[PDB]
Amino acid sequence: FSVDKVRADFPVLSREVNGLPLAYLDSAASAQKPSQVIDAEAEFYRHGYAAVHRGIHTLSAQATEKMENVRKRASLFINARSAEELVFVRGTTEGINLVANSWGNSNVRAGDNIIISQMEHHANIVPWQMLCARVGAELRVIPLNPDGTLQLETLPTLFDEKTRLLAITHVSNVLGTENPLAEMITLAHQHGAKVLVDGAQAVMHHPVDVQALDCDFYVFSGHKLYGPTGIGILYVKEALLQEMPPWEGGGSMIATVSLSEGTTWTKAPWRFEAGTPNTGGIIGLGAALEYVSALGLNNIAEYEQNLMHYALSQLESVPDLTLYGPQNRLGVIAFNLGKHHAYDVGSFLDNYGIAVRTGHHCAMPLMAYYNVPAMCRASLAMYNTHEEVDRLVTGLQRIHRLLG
């Protein structure tokens, strides 16, 4: 693995901000893309473009086949049994909503309950709140620990015969905590409950196998995978997916449509894809998967882990620095500097050409647990370097010196 050869593929790293070389630590919010993905999408638009859905002419057919090929590649990437177990979505959020409506409405009833965790992204919180509101069920929460880990021993208590679903995050977008999915899924299934996994922060860090996890639902976003915006993947166990009613109605998800005799649906995954999909994004996603797969995920894991160790090692020399989350954390470092407002810190770091994210990070309960209005977050991705970490450290030190 060579971070230089990798950095050579990303033009954004050449960008300047406030007159200085960009150091982009915000990858957790969205990932930068290599020229391959961008050029893949662009070239598709330039020499390849037509409509999908098995049009009679050549460009359309080839486009359709490309789309299905990407579906296959995606399926192989997360190691699903069949590509028919994967659905194209706008992203993690839509996927979760789709499950929450399609599967949730038929499988969750009055008096039942769903389980989430206190570290969840809003995407993995609100759709279940909406659901519970619809059918009159209860939303139960797995509580945290001060070190940023969930309390596993509470699960036997949270689960009962009325528990249909466990919605859990693979990796925290704030803390970088990786939850013990295997244990949770094993325990969850014993009570006859399905498990949905939010992997939006997972899939780019290391290999993900959904057969090994035995998770019932799995969702993730492409734009954090160094792919284009507006595309994501929903994996669902075939047995469950085939029995799920459609969510969005429209063209291409129907078998037949009649204004007298009614309407029938085609098979999944296609049952859940209505109207024209996002083709360019799918192509770009394919490219992204190719690129990451070509670098290899264990290499990325190794480099990112060593980089993380370096960063955490260096950040110890920063006075009045408060870190949130465990030592085994993936991809992100959440911190606060003294009593300073997070946005001021962020602004100062921005002035120094360093991009970090501030605010509640779309997890309010997580912030509520730590009794803070917000946190600073630095992401260390595969193209990030020691020099940038040094810039971050020195920056924090300078802020501390200057603002006391």
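Just so we're on the same page, rigid core means the largest C-alpha set that superposes within 1.5 Å between forms. When you see a residue number, it is the position in the sequence shown, counting from 1.
When the other structures are laid on the shown form by the rigid core, the stretch among 318 to 326 and 148 to 156 with the greater C-alpha deviation in 4 other deposited structures of this protein turns out to be 148 to 156. Root mean square Cα distance to the shown form, taken over structures and residues in 4 other deposited structures of this protein after a core fit, is higher for 52 to 60 when 374 to 382 and 52 to 60 are compared. Between the stretches 9 to 17 and 389 to 397, it is 9 to 17 that shows the larger average CA temperature factor. The mean Cα B-factor in the deposited entry runs higher for 257 to 265 than for the other of 257 to 265 and 95 to 103. Across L337, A31, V37, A355, the entry's maximum B-factor at the CA atom is seen for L337. Considering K224, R329, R71, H121 together, the PDB entry gives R329 the largest C-alpha B factor. Among the modelled residues of its chain, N145 has a C-alpha B-factor that falls in the middle third according to the deposited record. Residue-level temperature factors show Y291 in the middle third of its chain, judged at the C-alpha atom. When the CA B factors of the chain's modelled residues are split into thirds, the value for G176 lands in the middle one. Among the modelled residues of its chain, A182 has a C-alpha B-factor that falls in the middle third, as given in the PDB entry.
Residue-level temperature factors show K66 in the middle third of its chain, judged at the C-alpha atom.
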